[PDB]
């Protein structure tokens, strides 16, 4: 009694996604961004496509490069992807990893000198996520050992064992800071959904390659925190910012984070094999996906950016909510069997192909305005790597493969 798109449609979508990943996204990253002056990868590519090898380089971006090429190598086997992941890994260990106090710096100069030495849990999480993926792709002992050490530092220096979750930012020597903001966009509050979502993401990937008992308890506690404090059943949206006791300190809505969390929360519970928790997580996951479907979409099926603190709808199409909606809508289809979610995934894919991707300049535009005009944003910067759209294509390819095997 399944309602399944026919084989032609599944295979056609899968082929377009694979072409987008390999002939646009990963081709752009492998050819435009490696830096032969300082090694590793440039920190910025302008809207004109010009790389900036002297620009400061962020840990999050470089972890995202590592994760994406590692995951693409694991799933597709292409030797160039292993080469690019190795390039990212070597620069990362040399320069971003703090050999003295542990963890990864926030920002380094192009030549690798530390520029911003704060230890932000969001950056520590992406390091764990990328290093665990690199271990998964290669079996590398050093990568896994490093991920484990950063996990230990997060728990040692940041875990709030009274109220749950984590202090989100420390200085280089792991002393907590007051200002945990990732950027000027973020509320000056002590707890954020965003950082906690990527702790969960990192811990789930680490657990898949290192199923330690205590880590299972920390991962389950994070899932439980999302269900009890962050997910809002009255609205189907994540609450974005909190005080230390998880009292809400924001009313903004991030559609991209909702639909990302929808599928990441289920990935995390399944990595645990926590069948007792799964019903409640699936319920919250499907709710987030439905709320996104009903409230976060333009008539073309693309995702709006946010509802701000004063209620303003930001109708800009940022690249990464579209990617996350591709995965989250396919995931909601797989979980519920409701083909309306597949139709939604197809619609966002068509938007990606017709508006978000930059066919002339390569990769994807960071932002497209509601009237269709691409903004002249950087193509690569501190916050724009290959991870959201690379992962979304990899996930879609594998999910469509599974669906194709129902026949």
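Residue numbers count along the first chain shown, from 1.
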Highest mean C-alpha temperature factor of the two stretches 266-274 and 250-258, which is it?
266-274
Mean Cα B-factor comparison, 237-245 or 173-181, giving the higher one as deposited
173-181
From 307, 123, 209, 281, residue of greatest CA B-factor:
209
For 368, 348, 55, 380, the deposited C-alpha B-factor is largest at 55
Among modelled residues of the same chain, the CA temperature factor third for residue 12
highest
CA B-factor placement of residue 219, once the chain's modelled residues are sorted into thirds:
middle
Going by the entry, which third of its chain does the Cα temperature factor of residue 375 land in?
middle
On the chain's distribution of Cα B-factors, residue 339 falls within the third called highest
Among the modelled residues of its chain, does the C-alpha B-factor of residue 77 lie in the lowest, middle or highest third?
middle
